[PDB]
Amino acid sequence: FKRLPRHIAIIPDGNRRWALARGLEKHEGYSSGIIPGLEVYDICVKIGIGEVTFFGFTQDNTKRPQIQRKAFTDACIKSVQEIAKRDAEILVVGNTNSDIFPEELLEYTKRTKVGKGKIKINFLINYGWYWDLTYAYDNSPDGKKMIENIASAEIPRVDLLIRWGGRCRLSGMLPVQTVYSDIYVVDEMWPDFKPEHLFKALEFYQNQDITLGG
């Protein structure tokens, strides 16, 4: 590739529809979401992508049935643990002042180098856009302070956002970082991840006309 995004955001959606289409229960797709994340990680390391942010689950996601919440929470926990067994600088962002936040992930709420490091991997866990923006409007000297102090301030601008499951929407992922993100939608559900999904998203990105500005 001629041009590569510095930072890729991943919305690994489609897990419940994927399960249903296979004659499984809605809650049973999320565990088939783990290996795909691993492949996105391996391809990203291989091409030398600097940063990937995975949309794990939101505060909004937690109003779902308990059976689904346990399943997507456990799949998020396992994904982080599995990337932690690899070569990554891991960070987890989300509301830690809540029962819903998995204790297992508290040790990743400050960027943690694992193995040989290099690539930055972020997870949004018990994340919410409103929580993110208001975090700053606690006790900030000024407006110029607020944006530097959003809960996600450590996560830089997203160049390319890739969403599985055929919906073209952000679902409140990082409103500040996504203002100029090029958005690529994969029609396949996340558990049907294929490398060509990512290769096609990267071609889309490199095909953008850079004369056109923001």
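What we label the rigid core is the largest C-alpha set whose atoms superpose within 1.5 Å from one form to the other. Residues carry their position along the shown sequence, with the first being 1.
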Which stretch is less alike in 4 other deposited structures of this protein, 69-77 or 111-119, counting RMS CA distance after the rigid core is superposed? 111-119
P102 unmodelled in at least a third of other compared entries: no
Determine if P141 is unmodelled in a third or more of the other PDB entries compared for this protein. yes
For the higher mean C-alpha B factor in the entry, choose 51-59 or 143-151. 143-151
Would you tell me which stretch averages the higher CA B-factor in the PDB entry, 133-141 or 118-126? 133-141
For the chain shown, is the CA B-factor of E82 in the lowest, middle or highest third of its modelled residues? highest
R167: which third of its chain by C-alpha temperature factor? middle
Assigned third (lowest, middle, highest) for the C-alpha B factor of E188: middle
What third of the chain, by the recorded C-alpha B-factor, contains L91? lowest
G37: CA temperature factor from the record, placed by chain third, in the middle
